[PDB]
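Let's start with one chain on its own, the form deposited in one PDB entry, as structure tokens.
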């Protein structure tokens, strides 16, 4: 399985960030990547179910999801994803990384 799954130009990345943030320009962005890639939708379901979280995109081909909301909501969603995948699906996990 040797594949480039994404080779993409974001032509207007500032516009793209405001589009993901929506009305709350004080928001944070959460990003998850995982394998097998098709399980991205389960991360998107967990994040998208939180009251102040919006999904920006889900990509089952690259295995990625991006979402936004207030920082506490985004951190809690990421923790919920790590916990579900580890405890319910036997996935190995990384630390919750912050920038």
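Only residues modelled in both forms are compared. So that the term is clear: the rigid core is the largest set of C-alpha atoms that superpose within 1.5 Å between two forms. Numbering follows the first chain given and starts at 1.
Although it is not shown, the form deposited in another entry is what the next lines describe.
Annotation: Cα of residue 90 displaced by less than 2 Å between the shown form and the other one, core superposition. In a rigid-core overlay of the protein, residue 79 has its C-alpha displaced by under 2 Å between the shown form and the other one. Note: residue 10-residue 66 Cα separation is 3 Å or more shorter in the other entry than here.
Panel note: the distance between the CA atoms of residue 23 and residue 68 is smaller in the other entry than in this form, the difference being 3 Å or more. Where the rigid core is used as the reference frame, a consecutive stretch of 3+ residues with C-alpha displacements of 2 Å or more between the shown form and the other one occurs only at 1-26.
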